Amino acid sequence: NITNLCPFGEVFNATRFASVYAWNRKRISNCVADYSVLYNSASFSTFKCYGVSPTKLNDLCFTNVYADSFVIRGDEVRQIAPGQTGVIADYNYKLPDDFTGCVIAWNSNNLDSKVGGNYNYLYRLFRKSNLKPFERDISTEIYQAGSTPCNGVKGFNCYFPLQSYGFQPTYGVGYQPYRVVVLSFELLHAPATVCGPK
């Protein structure tokens, strides 16, 4: 017997997480998904599933799984849910209205905040339109906020579209960095590729 376990370690324990605007996607397929690895964890700030019970995750098969991950600030984690609005849901990472899957987050202040501010983590503050679900925009075009053209240069009412969180360890809990993992579960008209343990 060969039991290819889905590499959830590579997702949850990654040393580096993506900026939310450049959110990372890892395909999870042709593997046994064993969620029991998370059962004895208690420092996740949120762990919610949509269309499936967390209690049944080891008892279900899916045609495909994606693991999306990124960093946002604590009071933005509420936007990583179906039917949300705000700067993250609108301009950075958009879940579908009928999302099937799980959203897990945890405070990463210790790893991701620096005295003086961590400027490595960015989000998109400006966009002409909202993202479609699971859309990614990594464009760096200067945003026209006023009546005057920008000509691809920063200036008055002409803003670089990405802005830094500048995470500092003494930020309020709502402004501290949180690492987020979104597990997307597909149930298409195709063979199951991801099942819980037998």
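Numbers follow the displayed sequence, beginning with 1.
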- Where do the C-alpha atoms have the higher mean temperature factor in this entry, in 138-146 or in 38-46? 138-146
- So which stretch wins on mean C-alpha B-factor, 180-188 or 20-28? 20-28
- So among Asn151, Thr63, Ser53, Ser69, who wins on Cα B-factor in the entry? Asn151
- Message: Given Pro96, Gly101, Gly74, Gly117, identify the residue with the highest C-alpha B factor in the PDB entry.
- Response: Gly117
- Task: Determine, from the deposited record, the chain-internal third of the Cα B-factor for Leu122: lowest, middle or highest.
- Result: highest
